[PDB]
Amino acid sequence: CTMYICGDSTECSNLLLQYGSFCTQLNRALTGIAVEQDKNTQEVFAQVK
Amino acid sequence: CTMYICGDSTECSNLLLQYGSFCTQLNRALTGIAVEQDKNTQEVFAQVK
Amino acid sequence: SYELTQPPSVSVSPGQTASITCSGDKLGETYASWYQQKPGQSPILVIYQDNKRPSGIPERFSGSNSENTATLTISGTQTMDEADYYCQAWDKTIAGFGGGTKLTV
Amino acid sequence: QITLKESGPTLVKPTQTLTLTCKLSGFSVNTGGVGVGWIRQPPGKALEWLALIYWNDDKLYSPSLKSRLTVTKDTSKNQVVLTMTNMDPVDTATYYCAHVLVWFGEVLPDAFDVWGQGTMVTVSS
Amino acid sequence: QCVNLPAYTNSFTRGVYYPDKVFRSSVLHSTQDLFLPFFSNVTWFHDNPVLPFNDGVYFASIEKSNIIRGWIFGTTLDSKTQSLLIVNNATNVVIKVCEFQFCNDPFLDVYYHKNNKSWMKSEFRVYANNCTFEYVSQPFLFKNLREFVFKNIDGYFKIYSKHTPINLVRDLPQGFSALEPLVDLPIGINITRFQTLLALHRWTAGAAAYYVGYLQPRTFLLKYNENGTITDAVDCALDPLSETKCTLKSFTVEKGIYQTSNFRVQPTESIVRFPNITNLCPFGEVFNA
Amino acid sequence: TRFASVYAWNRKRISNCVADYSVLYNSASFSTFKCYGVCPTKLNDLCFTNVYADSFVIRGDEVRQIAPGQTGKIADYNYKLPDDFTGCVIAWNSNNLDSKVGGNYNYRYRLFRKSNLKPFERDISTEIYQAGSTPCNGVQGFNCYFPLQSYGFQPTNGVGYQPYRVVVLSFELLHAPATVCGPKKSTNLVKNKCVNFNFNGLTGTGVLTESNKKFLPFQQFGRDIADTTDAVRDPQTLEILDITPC
Amino acid sequence: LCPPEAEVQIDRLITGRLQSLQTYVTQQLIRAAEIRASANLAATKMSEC
Amino acid sequence: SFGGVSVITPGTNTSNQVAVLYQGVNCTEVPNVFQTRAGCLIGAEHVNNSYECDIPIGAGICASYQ
Ligand SMILES: *[C@@H]1O[C@H](CO)[C@@H](O[C@@H]2O[C@H](CO)[C@@H](O)[C@H](O)[C@H]2NC(C)=O)[C@H](O)[C@H]1NC(C)=O
Ligand SMILES: *[C@@H]1O[C@H](CO)[C@@H](O)[C@H](O)[C@H]1NC(C)=O
Ligand SMILES: *[C@@H]1O[C@H](CO)[C@@H](O)[C@H](O)[C@H]1NC(C)=O
Ligand SMILES: *[C@@H]1O[C@H](CO)[C@@H](O)[C@H](O)[C@H]1NC(C)=O
Ligand SMILES: *[C@@H]1O[C@H](CO)[C@@H](O)[C@H](O)[C@H]1NC(C)=O
Ligand SMILES: *[C@@H]1O[C@H](CO)[C@@H](O)[C@H](O)[C@H]1NC(C)=O
Ligand SMILES: *[C@@H]1O[C@H](CO)[C@@H](O)[C@H](O)[C@H]1NC(C)=O
Ligand SMILES: *[C@@H]1O[C@H](CO)[C@@H](O)[C@H](O)[C@H]1NC(C)=O
Ligand SMILES: *[C@@H]1O[C@H](CO)[C@@H](O)[C@H](O)[C@H]1NC(C)=O
Ligand SMILES: *[C@@H]1O[C@H](CO)[C@@H](O)[C@H](O)[C@H]1NC(C)=O
Ligand SMILES: *[C@@H]1O[C@H](CO)[C@@H](O)[C@H](O)[C@H]1NC(C)=O
Ligand SMILES: *[C@@H]1O[C@H](CO)[C@@H](O)[C@H](O)[C@H]1NC(C)=O
């Protein structure tokens, strides 16, 4: 989130902090998706002992 | 919506009105969810006459 | 009160050295002091902390404290040094003065 | 310079209470390291220490007289007051106040450098 | 009146102070401030050299006989500039700011009674022109462990402290304690160096030693108990485990894999490339026309 | 009667008192009265932990430099304000006081400096500045100047050159017992009822009760995760009160 | 702050707080859908198992 | 060069040991070092045995506390 928005600017990063946890929330949401994608594969193929 | 955003400030509430029905829409959306949660329970358990 | 003993008097000729003793139980552990009192006058501190003089006190006055005995010595005793000399010692906040030594010249 | 002046009644009756006041100058009773003691000297006799008060309101008394002695200080007038109760004829003496040199850490009395002029008090009917 | 006569230890979890005056309880709070880094190298003196102040100083001492009395803060530490003198004496603490002319080797001249637990002052041999600040209050005061944090922000010299008993011979305690605000001095001076002042007797000293560390701009996770007291803290820069705890806002981490940070190679050097034109621009011909 | 120079501006600390800003705001004697982060009409019912009055004398043309985000000879080399300054800048013409027929050279400014000053920095060095590559040895000469220059300040000078007396009131509000409060009229304390309250400038609505929270002596209030205050120390009784919304 | 300059500071808080609330509601609608699907499966298992 | 840093941990109820995965980078660019297609894994010992997946790393690689 920080890199996408601010790149390597410290001035931007300091301003971004004023928005609270928005970046953390977005990172969490994408992580949850990533985990699901592996679960999906296992549910379909890993049905054999 | 009004309390979360403005607390008990009249000055804030008057400004919030300029945004139209956003608060009403959010209240409606959450209400719809709340109703569904009771429907979900009934569909599962209330299957016996 | 703290027990402290002095000789009743000392008598010397002018030009001689006077020696006034002061005996206690714990003078080897604490500090002793000496005061010189003339007739009709308040006492003046001559020696404090065993062997220290206050400013204004003649070099004639010296002293020491060992083996639970303290002394005041006057070298070249003058006829103006006639006075009642008292010793004091504090035993952990307990005060005491000696009976006083009458020094004549 | 440092000076102390005794004042108060020069005659009291037996069983009466005597109050003596020491008015001091050159230093304050509220100053750290300061202490003021009271000593009495009966006619023809050796000096006897009674009590002393510290700038921090701590107080020392002679065990044999403690029961009859109270010492307080006036922080505004720079005065030290000694109260001696239940006096007998045998308590006749000249009273003096004097400055006390004080050790720090474990606080202890050292020596009396500056003495006042003293006041004579008689106990009689 | 002037007289013309290190080892390293590990600061495990010391140097944590209450970052502000806000009451908090039963909560984990993340704060960013100048704190002493955990498990850092702290200079050990036994010695009264002039040390750098840097961004802030963590000062601790262990003694039985009250040998360390105060500190001098400033720059040149002479009559040329204003400097801060903090000295404890028999009954009080005296804090002054003046153009002091300090001795080459400043100290308090003190002698002891026959009883080694009692002392009396003889003289003062530390240095007072153009005084601008004066403050007097109560003394800052098994061995005695006295910890101080010295910060200088926007003209304010902030002192935090903690005083506890210690049963160690020659080191700092392996445990956590938070330091509380002591005084905030509105001074407005420039501090770059400081010196420790000892009370010496005729000169030598009894057994005492002190430790000097330095504060750094770091993030900590502070744990407040039900009484509003900080009982624990995490230095988020210490290691990957601490970083994880700070990220999750929890002092416990479950089995798994967590994204905690992003790494980035930093620039090794800076380069500048402009044209090989040399002539100057004719601005003069426009304005001086 | 006397003000400080701009290069060595004077900081007076105001504390432990009851302020009144209506006497200043409603005065016609001031040509400039600009507040940042606070409204002059509300300044009379707030509390501060400290107030600093930074005073000096400058030229009329320099008055514009006394503001956040400004640059110039005064802003950079004499008296610098922060971009986030909270406080009020007050100035007035003093031609009738600080000007002299032969010139008032008692007031000076810094002209030469190695680098720009940080906010609230005061440089009182009088050492010779070396503008060139050769040393001065404390002696004025070519490329060796005394860093401070004087101002004319004559009664016949133009408006932009006339002296102005400037006082900057910096207001700091840290979490500490307020030392300065405007015109105040305290009322009784009511508990176990829904009330509107103002504690040392802190306004809000809720029910007040005695707290069992053990505050340390330096703490006046507590906060929740929403950054709201959930406990305060009564400024007169030092009692800790819990604050719960109606 | 006074009324012209309060309406600037307040608007900033309203915008951020309104955005935060909209984010919450959107996430709840998506999560609600997942729960509904689970409830539908549970209801099917109740009938068939 | 840049990328994500992931910390692999057994849980504080068990141990305070961790391993770090530098996602999408070479081990030669990072400065028990094992290069995976998920990135460079440091602090973990590679073994030629095979077990049920405990903590997933990616690209067929898992980690566990032994
Ligand atoms: C210890 O420091 C205190 C505080 O500065 C000194 O107390 C004051 O000393 C001045 C003289 O310099 C007196 O005029 C004041 O009356 C004192 N005030 C109080 C509250 O005591 C104190 O004298 C110093 N003591 C020693 C032994 O150095
Ligand atoms: C003290 O020593 C310094 C050198 O360390 C010397 O320059 C100074 O003149 C000496 N002071 C006195 C009074 O001798
Ligand atoms: C502390 O110093 C020792 C050497 O004495 C060094 O090995 C250690 O890494 C240092 N610790 C830190 C955090 O720098
Ligand atoms: C004080 O210490 C000395 C040794 O430095 C010792 O000889 C003396 O007996 C001690 N005094 C007391 C009262 O313990
Ligand atoms: C005050 O400082 C000046 C130098 O700016 C100096 O000449 C003067 O002597 C100082 N005054 C006192 C009392 O030290
Ligand atoms: C403090 O003094 C140092 C020189 O020791 C100087 O470099 C620095 O700029 C000074 N800071 C201030 C605010 O004067
Ligand atoms: C909090 O204070 C109470 C006494 O009021 C004490 O019993 C309790 O142990 C304290 N809690 C902690 C963590 O110190
Ligand atoms: C005009 O020339 C002089 C030097 O002779 C220079 O100092 C001044 O800045 C110039 N004015 C301009 C360029 O506007
Ligand atoms: C004045 O306030 C103090 C606390 O700052 C308090 O201790 C004192 O009792 C108050 N006085 C009165 C009359 O309430
Ligand atoms: C934590 O470890 C203990 C044994 O030390 C065990 O009994 C407990 O079940 C473990 N907790 C979890 C969540 O595994
Ligand atoms: C980086 O890793 C790749 C394999 O993923 C390898 O082919 C390449 O040579 C490595 N680069 C370096 C410098 O080791
Ligand atoms: C795993 O097998 C490879 C050969 O395929 C060998 O080079 C490597 O050393 C072995 N590693 C271990 C831990 O056995």
Side-chain angles (χ1 to χ4, degrees), chain D residues 26 32-33 35 105, chain E residues 2 4 49 52 54-55 70 74 80 89-90 98 103 106-107 128 131 139-141 155 188 190 199, chain F residues 7-8 77 79 110 119-120 122-124:
Chain E
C2 295
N4 238 340
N54 299 335
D55 295 304
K80 186 172 182 180
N89 84 348
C98 316
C103 296
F107 60 91
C131 291
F140 282 8
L141 185 68
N190 188 25
Chain F
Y7 73 87
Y77 300 151
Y79 183 75
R110 185 173 298 278
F120 302 125
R122 186 175 66 188
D123 182 18
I124 61 167

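In what follows, chains carry the letters A, B, and so on, assigned in the order in which the sequence lines appear, proteins first and then strands, with residues in each chain numbered from 1. Just so it is clear, the values below take in all heavy atoms, side chains as well, and ignore hydrogens, waters and symmetry mates. Order of appearance sets the numbers: ligands from 1, and atoms from 1 within every ligand.
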Which heavy atom of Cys98(E) sits nearest a heavy atom of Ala128(E), and at what distance?
CB-C, 4.1 Å
Smallest separation among heavy atoms of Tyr7(F) and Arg122(F), with atom names:
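Here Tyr7(F) and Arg122(F) meet closest at O-CG, 4.0 Å.
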Could you say whether the N/O atoms of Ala90(E) and ligand 1 ever approach to under 3.5 Å?
no
Is ligand 1 less than 4.0 angstrom away from at least one heavy atom of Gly33(D)?
no
Under 4.0 Å from any heavy atom of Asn4(E), which atoms of ligand 2 are there?
1 (C), 2 (O), 3 (C), 8 (C), 10 (C), 11 (N), 12 (C), 14 (O)
